[PDB]
Amino acid sequence: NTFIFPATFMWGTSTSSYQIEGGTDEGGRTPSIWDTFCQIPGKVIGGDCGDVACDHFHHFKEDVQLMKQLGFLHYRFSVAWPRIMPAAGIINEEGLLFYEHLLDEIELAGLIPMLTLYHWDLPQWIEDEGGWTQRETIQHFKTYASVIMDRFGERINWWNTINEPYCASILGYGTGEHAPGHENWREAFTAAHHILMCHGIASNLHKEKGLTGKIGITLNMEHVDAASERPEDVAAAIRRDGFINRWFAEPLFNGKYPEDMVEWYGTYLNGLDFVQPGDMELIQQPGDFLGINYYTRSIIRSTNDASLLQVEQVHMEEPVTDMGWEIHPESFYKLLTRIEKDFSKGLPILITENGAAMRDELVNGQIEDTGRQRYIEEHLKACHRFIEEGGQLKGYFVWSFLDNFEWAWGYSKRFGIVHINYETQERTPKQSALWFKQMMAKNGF
């Protein structure tokens, strides 16, 4: 078995601002909804907060150098909205200088950046006005996106508008699992609509400002399997798929929300009253590429409970990461095929995030994470088959250059190919990272 990837295949690693930066109250940064969320008992394991994190705010120059010598040519990172707009009518020059400096380091190292505008760290002052449940917030996003595009843009080759609309809306306002932590389906769906519009707002700004960099949204998507052949389990699986995949993909490519899901949500949608004339047109802008984040699949069975979808995920025990997520690379191939099928069909596809959190152990100064290594290798084999079969896959970013604040999981789960000693902040590439270095060198494995 020998796998060779396209000549121009984009290889990179990704991170997000709140998960790795630290310096939460430095350089004028004011709190994000996560700084507040992490303080609510029971919301984050161990009660962890993004305070300090990997202290990237102070070690960025070394981290990008580590990337370079690790063989990477692409780096996707996000900007912390709170550093840019710490309060209404602000515009923090000190915040813009951090990224300007980050970008100087990237360029000096010869790296190509991808800047993600929104990676879940909404400024708390905005959430105080109602957050994503308010149309007005889109105006604030305009302010943010415009500033970032004017101060940069002539230096940004890749624009990633919104990272996972699903998580920010559904988990952030519906299940209460992510910040701000509301549990109101009405707000969640309104929130999802507003965030999708922000991809449109950023897209409109991009064309108006005449920027040349590629622009695209990033959706987390998962392959969905029915637990059994029972008709209700198949219907249940259809619902999960509409819930996470179609609800966001349909508006992006087809200008509409899944009718079957629109009917199921019924009263929570309150007649789609939050949808204003032109909104759907604003949202339907695929851009230059579709960003995809993939990790696992779901096995769904039907239930007649009190939940929104009335669905239960049967958890697999064999082949799973340190987070209990099943490792099923085959599903990754099926999903990419399906995405090409409906939605993108020709449009370049970019895997902005793929990776695994395994239990690490430092032995003789090294991290023999054969598990994480195998996980990445196998999913790449899936990507290979999609390619070679015509699939328009053009790049792959391993999620987590560094172990970091893994949201509700806290620091207990490590996704990095590079190990972080939280007691000293010392960085140490894991074996999976070394394997990745040479792999990109041969661009194949």
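Its PDB record attributes the structure to X-ray crystallography, giving the resolution as 2.100 Å.

As annotated in the PDB entry, the protein carries the name Beta-glucosidase B and comes from Paenibacillus polymyxa. Per the PDB header, the title for this entry is "beta-glucosidase B from Paenibacillus polymyxa". Of the protein, the UniProt comment under Catalytic activity reads exactly: "Hydrolysis of terminal, non-reducing beta-D-glucosyl residues with release of beta-D-glucose." UniProt lists a comment for the protein under the heading Sequence similarities, and it reads "Belongs to the glycosyl hydrolase 1 family."

Visitor: Requested: an account of the packing of helix α13 (residues 329-344) against helix α14 (residues 370-386), with residues and values cited.
Guide: Viewed as axis vectors pointing N to C, α13 and α14 meet at an angle of 30 degrees, and their least axial separation amounts to 8 Å. For the element pair α13 and α14, the recorded crossing hand is right-handed. Taken together, the residues of α14 that come into contact with α13 (itself represented by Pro 329, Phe 332, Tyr 333, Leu 336, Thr 337 and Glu 340) are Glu 378, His 379, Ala 382, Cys 383, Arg 385 and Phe 386. Taken together, the residues that form the contact of α13 with α14 break down as seven nonpolar, two polar and three charged.

Visitor: Pulling in residues and values, what's your account of unusual backbone geometry?
Guide: Here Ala 179 and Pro 180 are connected by a cis peptide whose omega angle stands at 0 degrees. With respect to the helices and strands, the residue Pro 180 is situated in the loop between α8 (165-174) and α9 (185-208). One non-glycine residue with positive phi stands out, namely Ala 53, at about 50 degrees. Relative to the helices and strands, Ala 53 is located in the loop between α2 (33-37) and α3 (56-68). Unlike most non-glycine residues, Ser 400 shows phi in positive territory, near 85 degrees. Position of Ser 400 among the secondary structure elements: in the loop between β11 (393-399) and β12 (418-420).

Visitor: Requested: an account of the state of the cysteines, with residues and values cited.
Guide: What we call a disulfide is simply a covalent bond connecting the sulfur atoms of a pair of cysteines. Following the criterion strictly, the structure yields one disulfide and no others. Paired by a disulfide, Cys 38 and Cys 49 hold their sulfur atoms 2.0 Å apart. Disulfide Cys 38-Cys 49: torsion about the S-S bond near 95 degrees, hence right-handed. With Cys 38 in the loop between α2 and α3 and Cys 49 in the loop between α2 and α3, this residue pair connects regions lying eleven residues apart in the sequence. Here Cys 167 stays free of any disulfide, with the sulfur of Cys 198 as its closest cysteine sulfur at 16 Å. By relative accessible area, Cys 167 is classed as buried at 8%.

What counts and how
Residues numbered from 1 in each chain as written, not as in the entry; some residues may be left out. Heavy atoms only, no water. UniProt positions renumbered as here; feature names shortened; annotations may be inferred. Axes fitted to C-alpha atoms, helices over the stretch in contact; angles between N-to-C directions. Helix = DSSP H or I, 4+ residues; strand = E, 2+ residues; numbered from the N terminus. Left-handed = near helix turned anticlockwise from the far one by under 90°. Contact = heavy atoms within 4.5 Å. Nonpolar A, V, L, I, M, F, W, Y, C, P; charged D, E, K, R; others polar. Disulfide = S-S within 2.5 Å. Buried < 20%, exposed > 50% of the residue type's maximum accessible area, 1.4 Å probe, protein only.

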